[PDB]
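Undergrad: I have a structure here, written as structure tokens, and I will follow up with some questions on it.
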Protein chains: 4
Amino acid sequence: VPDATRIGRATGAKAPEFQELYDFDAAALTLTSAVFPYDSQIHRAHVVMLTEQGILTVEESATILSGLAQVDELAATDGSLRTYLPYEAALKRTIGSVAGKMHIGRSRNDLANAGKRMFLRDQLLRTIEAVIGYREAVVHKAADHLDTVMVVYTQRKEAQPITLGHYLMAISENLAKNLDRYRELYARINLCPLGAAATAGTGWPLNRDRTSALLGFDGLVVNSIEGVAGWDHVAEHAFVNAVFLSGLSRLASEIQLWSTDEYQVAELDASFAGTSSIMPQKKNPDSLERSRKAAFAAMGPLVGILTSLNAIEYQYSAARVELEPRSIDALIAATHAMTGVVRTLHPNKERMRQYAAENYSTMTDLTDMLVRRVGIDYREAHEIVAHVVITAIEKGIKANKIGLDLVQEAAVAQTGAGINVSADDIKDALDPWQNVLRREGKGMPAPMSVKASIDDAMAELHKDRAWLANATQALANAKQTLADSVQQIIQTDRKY
Amino acid sequence: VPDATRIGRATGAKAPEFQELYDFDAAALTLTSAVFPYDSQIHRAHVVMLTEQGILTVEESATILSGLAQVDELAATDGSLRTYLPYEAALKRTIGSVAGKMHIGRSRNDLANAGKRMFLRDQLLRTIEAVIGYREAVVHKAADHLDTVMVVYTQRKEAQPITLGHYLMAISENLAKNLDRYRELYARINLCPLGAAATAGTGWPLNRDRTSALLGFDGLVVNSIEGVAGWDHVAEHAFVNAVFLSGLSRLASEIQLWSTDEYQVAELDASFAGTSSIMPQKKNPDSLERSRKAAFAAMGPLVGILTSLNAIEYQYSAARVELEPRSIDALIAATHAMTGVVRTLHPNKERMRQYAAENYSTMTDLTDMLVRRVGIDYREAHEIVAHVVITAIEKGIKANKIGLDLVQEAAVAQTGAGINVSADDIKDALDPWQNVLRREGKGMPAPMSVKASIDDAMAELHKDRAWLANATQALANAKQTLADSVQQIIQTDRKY
Amino acid sequence: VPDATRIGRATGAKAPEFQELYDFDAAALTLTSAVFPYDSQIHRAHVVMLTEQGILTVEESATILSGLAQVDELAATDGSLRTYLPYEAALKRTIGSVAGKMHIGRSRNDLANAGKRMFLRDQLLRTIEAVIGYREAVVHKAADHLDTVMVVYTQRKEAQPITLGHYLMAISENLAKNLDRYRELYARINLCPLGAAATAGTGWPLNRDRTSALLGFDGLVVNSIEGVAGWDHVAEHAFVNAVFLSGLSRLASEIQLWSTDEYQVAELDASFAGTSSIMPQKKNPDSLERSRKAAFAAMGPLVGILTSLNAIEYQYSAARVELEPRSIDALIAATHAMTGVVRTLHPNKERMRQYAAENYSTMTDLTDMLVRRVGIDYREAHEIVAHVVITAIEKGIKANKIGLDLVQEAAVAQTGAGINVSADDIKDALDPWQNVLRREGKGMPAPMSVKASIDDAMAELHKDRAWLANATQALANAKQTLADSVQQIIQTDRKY
Amino acid sequence: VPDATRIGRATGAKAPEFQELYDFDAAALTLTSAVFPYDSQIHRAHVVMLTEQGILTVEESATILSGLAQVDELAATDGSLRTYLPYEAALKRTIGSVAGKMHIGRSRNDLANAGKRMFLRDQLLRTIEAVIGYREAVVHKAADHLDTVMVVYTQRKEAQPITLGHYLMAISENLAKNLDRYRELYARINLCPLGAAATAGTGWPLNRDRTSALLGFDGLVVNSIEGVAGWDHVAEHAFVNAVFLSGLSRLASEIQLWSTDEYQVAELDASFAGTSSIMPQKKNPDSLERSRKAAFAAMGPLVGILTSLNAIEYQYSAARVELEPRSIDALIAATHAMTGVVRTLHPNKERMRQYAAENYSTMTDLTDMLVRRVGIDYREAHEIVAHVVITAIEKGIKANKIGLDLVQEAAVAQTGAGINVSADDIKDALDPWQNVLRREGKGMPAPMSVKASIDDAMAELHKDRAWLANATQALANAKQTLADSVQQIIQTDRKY
Ligand SMILES: NCCN[C@@H](CC(=O)O)C(=O)O
Ligand SMILES: NCCN[C@@H](CC(=O)O)C(=O)O
Ligand SMILES: NCCN[C@@H](CC(=O)O)C(=O)O
Ligand SMILES: NCCN[C@@H](CC(=O)O)C(=O)O
Ligand SMILES: O=C(O)/C=C/C(=O)O
Ligand SMILES: O=C(O)/C=C/C(=O)O
């Protein structure tokens, strides 16, 4: 059975990234299901620490540790064992009363805070990975389009000539600062609250640094009230998701206007478009509009989380709103979809140039030329060139057909003076590619200038990957250190 | 004429910080009025750069520069001269057609983006200053209350014994990370978009680094589209304001419950409370509730800004929502109010201890003691101590009156076993001050532990002030460098 | 295996309404799964109309209709058949090419709009039913507490004496107007957009009134663009959910303060409270705080939906955010939980009176008495009674112990005059029950006055149920009319 | 001095409605300044009622009433007299101690609730008036464009032929239901809370119905807690503003795409457009984008208000967020701007038809024709016509040039079968005006069908005006009844 939506002009199959937008909602875990594997990690690291502190004997330790493995297996199919006390009770039924001792010096409150941090921690790197791939496809696309002349818009009106490469490097700079936000958020997420217990700590002499290290955290949430009542990192995670996706919505909306029947300066790859069940001509931007949908929805968690913090005291509280897996999954699906939209986007290079040359986006350079050649001030030249456009439209003369005749008519009709410029000065001022080449300062569409943007972005991307690789390896090292600590206590007992 | 609200129990005058909450709304500038002084700075720095680049002659430069001073003076009283083109026209009426030349290689789009950045830049340091003073008063208050034993709450129910100093240091850690957010936001605000012109740059060979340096920016918004279309720093500024104020709302709500007629573990200073026009007994937390009001309202700008970015393309656009001065002013008033609330808060040290000793918040230490002394597991001891509380309530026995009799009754009625502990073990387990001293790990209420929190916070506060002092001095140096550059071009011309 | 959270003071089982708060998230349908049964209804009603219009022959009709029954059965287990085109394709595999003809004069756009309306329609009555039961429990509780004297609060400070019945009737009036909002929303939801097709209608001569009637709608979405682009009813549904839940949050927060260890003027029924895994004394308001959580989260869909409408044109669009089943399910769970909280709430009638008599909430009646007896103006009497409270607190004299001595001291110390009132006048002015009885105007706590509130509410509740019963019966009648129309076309063919 | 922005292509003056968008922010009142005139009305109506109830003597009454007139005059210039207690104190300085007696049986709490209701009440009719004028201009524009053939879009892609009149009547139906929302909100606003006093009523025997009638309310907020704690009407007012403005944003965005350089199917009237200070060609949609800006910002108050209700108990509270005058003023400015945009919009009737005839929006009628003539099912015909479009694009053949040749090629290449239709059948199926005429059902673009929409809308508009006229006259009658009651008590005393 094929994909029944691939009919008419919806040829071939949905690109996999496009398909993600249809799958994430039904496939997303509940928060309980997504966090409960991290709870089992906290159990292991927490009783290991209890053992090294002489709160548990090695016998008690190994009995518990080996029991956790069994219950984890039961929990893979028994949904009811994915919250703490049911899990603790099942451990009691499996290894005896000693199970109770894994909760010494600990609460559900700091267990939850730490476990949810670990979940968001991993989802953050998953996001940074997706945003990097988004930026990679964007920069890489720019590299192939240093000569693709097109108009840039302001207020949805043709403004001035640029190149597609120049435009995409605006996205790259946007994504660079969003990657900064995510890395800055990571440092505030990756702090361990374990040891706070209910909110005030405990008399049992725990080693809070050891539990934190064993679980991959880079530091402690020191104060014990902050440990269970702190939630700003959840709010901030929701925010960056929303602000980043707003930038993604804007790109999707930009490409959607490019790919209108009326602009047609770009076309979505068949694998990122759908069609209508009634209208055979449709090539619909389903990828774009469902990506925007995810960006609009991401404001929900943000508002819910902040409402909840504004509604309580600075306590642990069960009334706080969470950032849900399904919300992150939507972000990932949309980032992936737009990563593939950018990569496979088909610009109509020729109609792009036509617009740049015919639709008067070159009138600024005409104005600048008068100022630079005869020395009149900008505001007066502006009025001359403005009336040139008024006249050219009335008479049906496209920008690239405007001549010395018309510029003199306007200068006279608007000032009584003629003006000292050749037909060559004008022709060159109205050349869209010459508009591009003259804009060669830092951050401007000239190829030499955009290539410099790309060179810096490539180096920043190299550094982005290095940061991600280091943060991932840190967590894997600590996850292995903890696995080894457990095996050793299980072996130490069995052999003595 | 006195303050007519200072009647009945509202004795003395409103504290100045309390009064701010009543004044900021009517006194706040419009965005136009707050930004237009920064536009005049951009004019000076921009034509200076034009001069150093040989786009303007020194004659033209000095004529413009001296004209700006005159129009700035006209604009101090003429409201209509506070947007660009009216201002440019007034300069035309004052120094002639040369006025037009100050707009060479420039647009309203990058002028606005840069000017608004400069406004938010200054408002950010104003905020960091207020948050520092908020943290100072919080830490300083904690220092004076290492021995003030009281209960901490979870879910608005007495949880465990702590000290007021311990609680306030949770706020300090919250404010430390909010100061991090603000400093991280600052780096993204303090980038100069000038040179982007309409969105694509210009043919005029500007020195974008020189304009940026003259205006105090620490770097460039490189890509020209990002220069006029970038808005995330506005969204982020709204966010941090909201997340920080949510933490302030939670403290205000905490103190408001402390200061209820029913808790009465704290009392607002008379200078931060009001009263009723009908009910003479009222001592109302007007300071607290108006501070919360500002925190709730701060979600508005956040949502409006993000809706607006989600609604457009990645272009310059006049449909984007701003962060308004009145919104920042509310934040400042609320931070100041809570700074004074914390400083002058009057804890009822005695009723605080009474609650800690009588209302069963010490039952965890009773449970931990059974586990540590007879070795039973936590879950079983929990059930014993739980039934102890059930029984003690039925019989009207406060926590500090619970005896060996009752613990044995419960252990028997719940297990058939007695349990091996002296009346001394129990008495000490139920001592609230001993609950505090036993919690001596990192971040726990023990005085030695809280004092360590305070010592680290003092050093972080020292560093916070250093960062602020450096960022302020940087802007003042660049503002003086620009004033000198202008004088020199005005002098150079007049003497040659 | 029991509920492992029912330990310590969490005696017995969670009340079923309390349990709902733990089950709704994992049990909620996806929007696709919840809507696809309504699509099959639209298919039947739509081809019936096609048949009555002579667009389909009876042979074609019966073949399709009988095929739908088969595919509906396949779709009960095959998830992929729950979106239109996969469903249409499966019908093609089951009855032949004639399947295609069920889409004549129709689009996915108006199919979706109508189907989602039908889903929200049913969820709206489900909500009105839950809000009625919420109001019933509230009014019924008030009836049993016309004599339960207690303080009302303003700004979380004891204000004046009332009764619990009086308080609950404020909730009743709040819920009455929310029921109005829901009934007003219903009329805007229950309009049929079918016939709009893609957005512009169709040449096929459909009978739009017949399809609308067969599916239970009370009218048409006339204009065809409005039919597929209209979404305000979704926004409004999200809004009423949020505003109603805000009122529910406020009640939950009120009861949570009542039930604090410090107030203890109320206690949650054991079946609506939990406890701590570490602190044995806790009786935690898990029901209340998870109900508030749902209210905070309900702002998310509202913001997402409105962001999405603000981001598009007035077109059909796949970028619009929906109101999800899981969001409604949370509302229902919270309404049910609070319905049971109110019903089983245990007021401590005695400590309620103690507060009313001892904590100075009766000082208004003392003030009013001076004004009514000696004729001084309110503002001066206020200052006398205010200083009475200042003095009484200093000296430790509770309100019900204030005597003629103290009132004369204050009147003298504050004016030099004594004042003409007996010790009986005062004693009666400070009697909290007499404060209640004197407040006998419309909407005031006097029993005769609250009983009148209750009498009107009972009649409004009777009318609320009548409205709901009528709206439900209307849908059931139309659902049966459609079932009969289908059977007849299936019988007509098989017998001819 | 002219408007300095009217340069270049920004010819003539800003239309007044366009200018409103620039003036409302700086001109908006504070909430205090906007409400304090309604407080003086409540004072008059409240002491009149006190007099008729024998709580005040006629001497006391007239002294107060005449004093209010004097203080109202002082308050016109003294800003400090615009909150209650300062105002009461000034009355004390003007007529003596009797001033205090105007507060008998009353609080600031119910004074504020009632006064703010009166302010929102008037602002609601102001809004309903503006929305009516918005709908009038929309319907009236439709009437003039029953023959203006153009494409409708779905997902920003040309869908099917319609007329501009048809499109505008979708807006009319949207605005009709928004007018319903506002009228339904009005009934919940126009209820009088006076008599609630602080929250519990009073012993003084007020006539709550008399005060309510004198102030124009149509009923009572009965329960006294609801009187001061009720706020949902504020939330709802913010909501309808946001949902209505979202519909206005969508129209503004639709017209902005119409008026792009690439579509150019419409052009803004010169009086609703601006231009660039750098780019002479720009004709910028400043009216549209600033109207959208107001719609995005309107989500702020909504979120702030609902956060605040979610954060408190069901009490009077000073932490609740208000709906501000400046927020309503923005709505009014935007409604007025779009009212004039619609009225003066210039459709390019000819390019509209060109698109409808050339860009394949007529392929549905081609498909429907095959189904209606040879009897094949829709899905197969769809695939034929789809490949017709694929082929026509490849070969550069516009829709209106597609012939019998091409339809047979596709039918063969896609099925091996030819198909039985004449070149006349095809030509007529591809005629955009014939597409319009065939869509003649209820709510479809056929002139006879749209004219019926217009006829019903005109009658609904007539009824909208009647409702508004009645609600305005009711308030004016009660405002005169109150003015007469005051004069009579002032005359009665002076003559006796
Ligand atoms: N591609 C999903 C959008 N719905 C189509 C209509 C349809 O699929 O019946 C459209 O408007 O193009
Ligand atoms: N202090 C402002 C709150 N309003 C008072 C009532 C009043 O001032 O009439 C209260 O509820 O205490
Ligand atoms: N009843 C869930 C709240 N968590 C408990 C702590 C715990 O369960 O370990 C409390 O703070 O009371
Ligand atoms: N008409 C306000 C928008 N700003 C112009 C640029 C400018 O005015 O310098 C534009 O982008 O067209
Ligand atoms: O028209 C639909 O129901 C699906 C649209 C989409 O694929 O996004
Ligand atoms: O009751 C008022 O109107 C003022 C309250 C406040 O001072 O916040």
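We name chains A, B, ... following the order of the structure tokens; residues begin at 1 in each chain, and ligands are numbered from 1 as shown.
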With only C-alpha atoms considered, list every residue of chain B at most 7 Å from chain A, as number ranges by chain.
TA: B: 97-98, 100-101, 104, 153-155, 160, 162, 167, 169-170, 200-203, 205, 222-226, 232, 243, 246, 249-251, 253-254, 296, 306, 309-310, 312-317, 377-379, 438-439, 441-445
Undergrad: Give me the residues of chain B that have any atom at most 8 Å from an atom of ligand 2; for each, the nearest atom pair and the distance in Å, rounded to one decimal. Use only C-alpha atoms and all ligand atoms, sort by chain and number, and format it as a Markdown table.
TA:
```
| residue | atom | partner | partner_atom_place_in_ligand_line | distance |
| --- | --- | --- | --- | --- |
| B:274 | CA | ligand 2 | 1 (N) | 5.3 |
| B:275 | CA | ligand 2 | 1 (N) | 4.7 |
| B:276 | CA | ligand 2 | 8 (O) | 3.4 |
| B:277 | CA | ligand 2 | 8 (O) | 4.0 |
| B:278 | CA | ligand 2 | 9 (O) | 4.8 |
| B:279 | CA | ligand 2 | 12 (O) | 6.5 |
| B:282 | CA | ligand 2 | 12 (O) | 5.7 |
| B:283 | CA | ligand 2 | 12 (O) | 7.6 |
| B:284 | CA | ligand 2 | 1 (N) | 5.4 |
| B:285 | CA | ligand 2 | 1 (N) | 7.5 |
| B:286 | CA | ligand 2 | 1 (N) | 6.0 |
```
Undergrad: Identify all residues of segment 56-172 of chain B in alpha helix (DSSP H) (DSSP on the backbone) and supply them as an MDAnalysis selection string.
TA: chainID B and resid 58:75 84:95 108:143 164:172
Undergrad: Compile the contact shell of segment 466-468 of chain A as a ChimeraX atom specification: residues with an atom at most 9 Å away, counting only C-alpha atoms, same-chain residues fewer than 6 positions apart removed.
TA: /A:125,128-129,183
Undergrad: Just checking: using only C-alpha atoms and all ligand atoms, which residue out of C:111, C:266, C:194, C:69 ends up closest to ligand 1?
TA: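 Using only C-alpha atoms and all ligand atoms, ligand 1 sits closest to C:111.
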Undergrad: Between atom CA of residue 429 of chain A and atom CA of residue 366 of chain A, what is the distance, to one decimal in Å?
TA: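 Between atom CA of residue 429 of chain A and atom CA of residue 366 of chain A the gap works out to 5.1 Å.
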Undergrad: Hey, what's within 10 Å of residue 31 of chain D if we count only C-alpha atoms and toss same-chain stuff fewer than 6 positions away? As a list in words, please?
TA: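 Listing them by chain and then by number gives residues 25 and 26 of chain B; 116, 119, 322, 323, 324, 325 and 326 of chain D.
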